[PDB]
Amino acid sequence: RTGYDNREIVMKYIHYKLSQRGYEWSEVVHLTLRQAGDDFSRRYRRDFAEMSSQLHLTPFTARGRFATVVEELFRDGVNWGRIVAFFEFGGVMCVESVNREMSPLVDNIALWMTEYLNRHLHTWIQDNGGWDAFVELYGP
Ligand SMILES: O=C(NS(=O)(=O)c1ccc(NCC2CCOCC2)c([N+](=O)[O-])c1)c1ccc(-c2ccc(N3CCC[C@H]3c3ccccc3Cl)cc2)cc1Oc1cnc2[nH]ccc2c1
């Protein structure tokens with residue numbers, strides 16, 4: 001169903017983000033999310049450089065960091081751009097975890113991302129046409 005899609009969408013996104021850094025951890029939705037995320041990460045490159053320096057990820061701090069950042073991200077509601085930002089931020093947390101020899105946290109972050117999508121973003125996504133609408137709007 002939709003939830004099986006979301007977990008797959010998270011796993012394929014993280015897998016690509018980590019592969020970009022040399023770490024080995026329909027498809028139109030995945031391709032669209034990759035391309036939109038790559039655009040987002042270039043546009044907001046400076047923002048992520050600043051935020052990554054403020055995260056201080058450890059196994060003890062990671063869950064709280066994820067929770068507070070994502071709550072700030074969606075403070076004014078949901079739209080597709082913020083959903084892209086959510087994936088990009090999760091990708092950044094995963095890359096930082098690997099950078100810090102904390103690679104097991106990738107699995108935790110993937111689970112947190114999946115549970116946030118299924119519990120908090122699923123209603124908006126379906127209310128706004130599902131992932132198919134995202135592909136229509138921003139796909140190649
Ligand atoms: O309204 C917004 N966005 S939109 O819906 O109009 C729209 C616009 C364009 C696109 N697609 C562009 C295509 C794609 C195909 O290829 C060709 C171009 C899409 N999309 O694809 O969905 C949607 C909008 C809301 C929020 C923030 C935003 C959030 C968070 C942050 N920060 C930066 C640091 C981390 C994060 C953060 C900050 C505070 C708290 C937590 C966090 Cl994590 C910065 C900006 C930016 C927004 O603008 C953009 C601008 N360009 C973007 N490009 C891709 C996504 C996108 C979003």
Side-chain angles (χ1 to χ4, degrees):
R1 54 188 294 276
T2 41
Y4 293 62
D5 298 322
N6 286 332
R7 180 151 192 278
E8 187 191 338
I9 296 167
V10 164
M11 311 291 270
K12 309 222 145 303
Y13 192 79
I14 290 168
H15 191 272
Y16 167 67
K17 282 279 91 153
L18 288 176
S19 199
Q20 215 166 36
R21 306 297 163 192
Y23 179 87
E24 185 247 296
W25 174 50
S26 189
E27 267 271 336
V28 66
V29 180
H30 304 305
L31 179 55
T32 300
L33 191 54
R34 286 202 295 276
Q35 293 184 346
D38 281 346
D39 183 73
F40 186 89
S41 49
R42 179 240 308 125
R43 189 167 291 274
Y44 296 102
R45 193 161 298 151
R46 291 179 59 86
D47 313 55
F48 272 131
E50 167 173 51
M51 168 174 279
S52 304
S53 147
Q54 310 177 321
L55 296 171
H56 184 61
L57 290 188
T58 74
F60 194 63
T61 65
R63 186 144 28 171
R65 292 290 120 76
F66 181 90
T68 59
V69 169
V70 168
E71 292 151 8
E72 196 83 347
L73 169 60
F74 291 112
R75 57 177 208 290
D76 275 50
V78 182
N79 71 4
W80 286 121
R82 292 179 186 107
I83 290 173
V84 171
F86 164 85
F87 277 96
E88 263 301 305
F89 165 70
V92 167
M93 270 193 83
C94 289
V95 171
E96 190 74 324
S97 298
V98 171
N99 280 350
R100 278 161 83 91
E101 310 181 298
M102 255 165 225
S103 307
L105 307 188
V106 175
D107 291 299
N108 283 324
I109 294 161
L111 155 66
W112 303 335
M113 277 185 72
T114 297
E115 94 200 353
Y116 199 89
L117 270 159
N118 289 333
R119 312 217 182 110
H120 294 104
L121 301 175
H122 183 269
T123 286
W124 186 93
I125 285 169
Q126 293 320 117
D127 271 14
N128 285 264
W131 285 106
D132 286 309
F134 177 69
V135 170
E136 195 25 85
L137 270 176
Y138 302 112

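Atom set for the values below is all heavy atoms of this structure, side chains included, hydrogens, waters and symmetry mates excluded. Order of listing sets the numbers, starting from 1, for every ligand and every atom in it. Residue indices begin at 1 and follow the sequence shown.
Contacts with ligand 1 closer than 4.0 Å are made by no heavy atom of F86, backbone or side chain. Only the side chain of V84 comes within contact range of ligand 1, with a heavy atom under 4.0 Å; no backbone atom does. At a 4.0 Å heavy-atom cut-off, ligand 1 touches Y44 through the side chain alone. Counting heavy atoms closer than 4.0 Å to ligand 1, residue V69 contributes atoms from both its backbone and its side chain. Heavy atoms from both the backbone and the side chain of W80 come within less than 4.0 Å of ligand 1.
Numbered from 1 in the order shown, with element, the atoms of ligand 1 that lie under 4.0 Å from a heavy atom of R82 read 25 (C), 26 (C). Residue contact check: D39 has heavy atoms under 4.0 Å from atoms 12 (C), 18 (C), 51 (N), 52 (C), 53 (N), 54 (C) of ligand 1. Atom numbering of ligand 1 starts at 1 in the shown order; those under 4.0 Å from a heavy atom of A85 are 29 (C), 30 (C). Counting the atoms of ligand 1 from 1 in the order shown, those under 4.0 Å from a heavy atom of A36 are 14 (C), 21 (O), 54 (C).
Within a 6.0 Å sphere centred on CD of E136, other residues, nucleotides and ligands contribute 12 heavy atoms or fewer. Atom CZ of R63 is surrounded by 12 or fewer heavy atoms from other residues, nucleotides or ligands within 6.0 Å.
Shortest contact from atom 32 (N) of ligand 1 to any protein heavy atom: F40 CZ, 4.2 Å. Of all protein heavy atoms, the one lying nearest to atom 33 (C) of ligand 1 is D47 CB, 3.5 Å. Closest protein heavy atom to atom 43 (Cl) of ligand 1: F89 CB, 3.7 Å. Ranking protein heavy atoms by distance to atom 39 (C) of ligand 1, first place goes to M51 CE, 4.5 Å. The protein non-hydrogen atom at the shortest distance from atom 5 (O) of ligand 1 is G81 N, 3.2 Å. Looking only at heavy atoms of the protein, atom 15 (C) of ligand 1 is closest to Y138 O, 3.7 Å.
The backbone N or O of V95 lies less than 3.5 Å from no partner atom in the side chain of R21, so there is not a single donor-acceptor pair. Panel note: side chain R65, backbone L55; a donor-acceptor pair is recorded below 3.5 Å. Between the side chain of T61 and the main chain of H56, a donor-acceptor pair closer than 3.5 Å is present.
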Would you check, one step at a time, whether the test side-chain contact (heavy atoms from CB on, under 4.5 Å) holds for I14 with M113? CA-CA 10 Å; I14 290 168; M113 277 185 72; 4.0 Å; yes
Using the rule given for side-chain contact (heavy atoms from CB on, under 4.5 Å), can you reason through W80 versus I125, listing the C-alpha separation, both sets of side-chain angles and the distance that settles it, and then say yes or no? CA-CA 8 Å; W80 286 121; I125 285 169; 4.0 Å; yes
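Here the closest heavy-atom approach between residue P140 and residue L31 is recorded as CG-CD2, 4.1 Å.
Each of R34, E88, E8 was evaluated against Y13; a single residue qualifies, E88, per the side-chain hydrogen bond (donor to acceptor under 3.5 Å, both in side chains) test.
For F40 and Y44, the distance between ring centers is under 6.0 angstrom.
Put simply, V98 and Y16 are part of two different groups of oily side chains (I, L, V, M, F, W, Y) that touch within less than 4.5 Å, one to the next.
Considering backbone and side-chain N/O of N79, one or more are found under 3.5 Å from N/O of ligand 1.
Per-atom contact check: atom 36 (C) of ligand 1 does not touch the protein, criterion being a heavy-atom distance below 4.0 Å.
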